[PDB]
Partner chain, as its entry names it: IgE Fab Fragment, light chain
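There is one chain below, alone, in C-alpha cells, taken in the form deposited without its partner chain.
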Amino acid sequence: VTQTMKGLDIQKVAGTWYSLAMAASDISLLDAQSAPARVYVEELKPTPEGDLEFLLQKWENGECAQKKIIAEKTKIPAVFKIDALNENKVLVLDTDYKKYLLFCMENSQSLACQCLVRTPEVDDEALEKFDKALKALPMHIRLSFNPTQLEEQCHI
C-alpha cells in the first residue's frame, strides 16, 4: 500500500464509526459472514502514549462477539502494528476527521481495506475516494451496507 495521510492527528479520529464498505485481495477474506476480514468497527480509541485501539464485532460461533485490539505506534505517524503470529500493519490512507476515514490491514500476501463513516447513511462522496484509493490495488471482492443494516449487531 502506497497511500498514507500526512499530518495525522490521531487524537481527532476517536469516537464512533460505521464500517460502510469493505474490500479484500482475496474473495475468502470477506467471503462468508465468518470470513477473516469481515470485522465490524464500533469505536476508535487512541491511548495517551499514541497507541490506537479498535473496538470491533465478529460473527464467530453462533453469534456476534465483541473484541478489542491494540495497534502499537511507529516512526511514521499513520502506520501501526499488531502483535499476532504475523507482522500485521494498519495504515490510515485518508480522513477528514468528521465524516469518513479510510484504512487498510495488511501482512507478510493478504490485504483488506474499509471506508468508515460517522453516521448510518450512504456518503456517496466517501465511496469515490475509497474507490480511487483501491484502483491502485489488486482487489477481488467488495461489499457495502445500507443504513438499516448499519444499526444492527454484525450488520444483520
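Positions refer to the first chain, counted from 1.
- According to the record, 4 to 9 deposited residues between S108 and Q109 are left without atomic coordinates.
- Here the stretch with the larger average CA B-factor, out of 98-106 and 45-53, is 45-53.
- Comparing 59-67 with 24-32, the higher mean C-alpha B-factor in the PDB entry belongs to 59-67.
- Compared with the other modelled residues of the chain, the Cα B-factor recorded for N88 ranks in the highest third.
- The PDB entry assigns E121 a C-alpha temperature factor belonging to the lowest third of its chain's modelled residues.
- Residue-level temperature factors show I76 in the highest third of its chain, judged at the C-alpha atom.
- Remark: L150 belongs to the lowest third of its chain, ranked by C-alpha B-factor as recorded.
Just so it is clear, the following notes concern the form deposited with its partner chain bound, a form of the same protein that is not shown.
- Three-residue candidate spot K45, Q66 and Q153; every residue lies within 4.5 angstroms of its partner chain in the deposited bound form by at least one non-hydrogen atom.
- Looking at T95, you'd find every heavy atom of it more than 4.5 angstroms from its partner chain in the deposited bound form.
- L52 falls outside the set of residues with a heavy atom inside 4.5 Å of its partner chain in the deposited bound form.
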